[PDB]
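A.B. asks: Structure below; questions to follow.
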Amino acid sequence: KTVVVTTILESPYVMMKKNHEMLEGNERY
Amino acid sequence: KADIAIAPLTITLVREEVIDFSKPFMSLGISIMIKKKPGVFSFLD
Amino acid sequence: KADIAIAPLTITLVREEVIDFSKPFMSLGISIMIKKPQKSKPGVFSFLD
């Protein structure tokens with residue numbers, strides 16, 4: 001059921017959050 | 001190694017021969033990128 | 001009554017549910033068509049422009 005999702009950091013499509021150091025899992029993106 | 005790509009992936013003939021794409025969620029085109037008020041006393045120019 | 005449509009047919013969710021489309025051969029969008037207005041005449045008091 002769970003999907004393996006592939007991505008790349010190409011803004012503004014995918015970019016890490018500010019202070020993502022405290023974020024884990026899907027929330028850091 | 002995965003099952004799906006929710007990414008800014010571009011459709012092309014070669015990749016379709018090996019994987020199945022969807023209907024595009026945004027259209028685009030190649031383009032070119034290059035590097036890019038009169039003064040108060042401008043009547044003297 | 002037929003087998004194929006090489007026409008200016010537009011893709012959409014409803015038609016895909018019943019038939020198989022291809023990748024678009026030309027892109028488009030809805031747009032507005034109006035009677036091009038006529039050109040402008042200088043105008044009285046245009047000597048201030």
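If you're wondering about the labels, chains in the structure tokens are A, B, ... by order shown, residues count from 1 in each chain, ligands from 1 in order shown.
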Up to 12 Å from chain B, what residues of chain C turn up? Count only C-alpha atoms and give them as a list in words.
C.D. replies: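 Going by the stated atoms only, the list reads residues 11, 12, 13, 16, 20, 21, 22, 23, 24, 26, 27, 28 and 29 of chain C.
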A.B. asks: Please produce a file of the residues just selected, as a CSV table (one decimal), in the first residue's frame, where the atoms kept are C-alpha atoms.
C.D. replies:
chain,number,residue,atom,x,y,z
C,11,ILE,CA,-8.6,15.6,-24.2
C,12,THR,CA,-10.6,15.5,-20.9
C,13,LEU,CA,-11.4,13.2,-18.0
C,16,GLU,CA,-10.7,9.1,-21.3
C,20,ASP,CA,-8.0,5.8,-25.0
C,21,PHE,CA,-6.2,9.1,-26.0
C,22,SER,CA,-2.6,9.6,-27.0
C,23,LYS,CA,0.0,12.2,-26.0
C,24,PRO,CA,-1.1,15.7,-27.2
C,26,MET,CA,-0.5,20.3,-30.1
C,27,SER,CA,-1.1,22.3,-26.9
C,28,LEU,CA,-3.8,24.9,-26.4
C,29,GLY,CA,-6.1,26.7,-24.0
A.B. asks: Could you list, as a PyMOL selection string, every residue within 10 Å of residue B:7, counting only C-alpha atoms and ignoring same-chain residues fewer than 5 positions away?
C.D. replies: chain A and resi 5-10+13-14
A.B. asks: When the cut-off is 12 Å and we count only C-alpha atoms, which residues of chain B are near chain A, given as a list in words?
C.D. replies: residues 1, 2, 3, 4, 5, 6, 7, 8, 9 and 26 of chain B
A.B. asks: Could you please take those selected residues and save N, CA, C and O atoms as an mmCIF file, in the first residue's frame?
C.D. replies:
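Wrote it out as part_1.cif, contents follow:
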data_model
loop_
_atom_site.group_PDB
_atom_site.id
_atom_site.type_symbol
_atom_site.label_atom_id
_atom_site.label_comp_id
_atom_site.auth_asym_id
_atom_site.auth_seq_id
_atom_site.Cartn_x
_atom_site.Cartn_y
_atom_site.Cartn_z
ATOM 1 N N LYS B 1 13.811 -0.038 -7.372
ATOM 2 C CA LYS B 1 14.168 0.630 -6.092
ATOM 3 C C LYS B 1 13.016 1.536 -5.638
ATOM 4 O O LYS B 1 13.040 1.977 -4.470
ATOM 5 N N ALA B 2 12.054 1.814 -6.523
ATOM 6 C CA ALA B 2 10.885 2.623 -6.112
ATOM 7 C C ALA B 2 9.654 2.217 -6.918
ATOM 8 O O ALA B 2 9.741 1.253 -7.704
ATOM 9 N N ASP B 3 8.563 2.966 -6.762
ATOM 10 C CA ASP B 3 7.290 2.567 -7.408
ATOM 11 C C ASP B 3 6.613 3.760 -8.083
ATOM 12 O O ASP B 3 5.662 3.527 -8.833
ATOM 13 N N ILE B 4 7.062 4.984 -7.818
ATOM 14 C CA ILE B 4 6.345 6.167 -8.380
ATOM 15 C C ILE B 4 7.284 7.371 -8.355
ATOM 16 O O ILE B 4 8.256 7.347 -7.592
ATOM 17 N N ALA B 5 7.001 8.376 -9.178
ATOM 18 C CA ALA B 5 7.829 9.602 -9.170
ATOM 19 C C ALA B 5 6.930 10.842 -9.219
ATOM 20 O O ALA B 5 6.551 11.267 -10.339
ATOM 21 N N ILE B 6 6.559 11.373 -8.048
ATOM 22 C CA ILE B 6 5.816 12.667 -8.027
ATOM 23 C C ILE B 6 6.898 13.742 -8.092
ATOM 24 O O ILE B 6 7.255 14.304 -7.037
ATOM 25 N N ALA B 7 7.431 13.987 -9.292
ATOM 26 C CA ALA B 7 8.588 14.891 -9.414
ATOM 27 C C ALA B 7 8.421 15.825 -10.607
ATOM 28 O O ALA B 7 7.441 15.673 -11.363
ATOM 29 N N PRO B 8 9.329 16.801 -10.804
ATOM 30 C CA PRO B 8 9.269 17.632 -12.005
ATOM 31 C C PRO B 8 9.932 16.847 -13.146
ATOM 32 O O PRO B 8 10.852 17.356 -13.787
ATOM 33 N N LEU B 9 9.448 15.625 -13.373
ATOM 34 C CA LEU B 9 10.086 14.773 -14.404
ATOM 35 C C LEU B 9 9.524 15.151 -15.771
ATOM 36 O O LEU B 9 8.305 15.390 -15.878
ATOM 37 N N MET B 26 1.660 19.813 -15.741
ATOM 38 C CA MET B 26 1.988 21.217 -16.086
ATOM 39 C C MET B 26 2.739 21.202 -17.412
ATOM 40 O O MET B 26 3.508 20.268 -17.659
#
A.B. asks: From a DSSP pass on the backbone, collect the residues of chain A flagged as helix (DSSP H, G or I) and hand them back as an MDAnalysis selection string.
C.D. replies: chainID A and resid 20:22 25:28
A.B. asks: Write a file of the just-selected residues containing C-alpha atoms, as an mmCIF file, in the first residue's frame.
C.D. replies:
data_model
loop_
_atom_site.group_PDB
_atom_site.id
_atom_site.type_symbol
_atom_site.label_atom_id
_atom_site.label_comp_id
_atom_site.auth_asym_id
_atom_site.auth_seq_id
_atom_site.Cartn_x
_atom_site.Cartn_y
_atom_site.Cartn_z
ATOM 1 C CA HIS A 20 14.642 20.967 9.074
ATOM 2 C CA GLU A 21 17.230 19.660 11.593
ATOM 3 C CA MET A 22 14.259 19.251 14.001
ATOM 4 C CA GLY A 25 10.300 11.719 7.997
ATOM 5 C CA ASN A 26 8.233 13.350 5.217
ATOM 6 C CA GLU A 27 7.926 16.638 7.156
ATOM 7 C CA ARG A 28 11.506 17.755 6.318
#
A.B. asks: Distance atom CA of residue B:43-atom CA of residue C:47, one decimal place?
C.D. replies: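 One can read the atom CA of residue B:43 to atom CA of residue C:47 distance as 21.9 Å.
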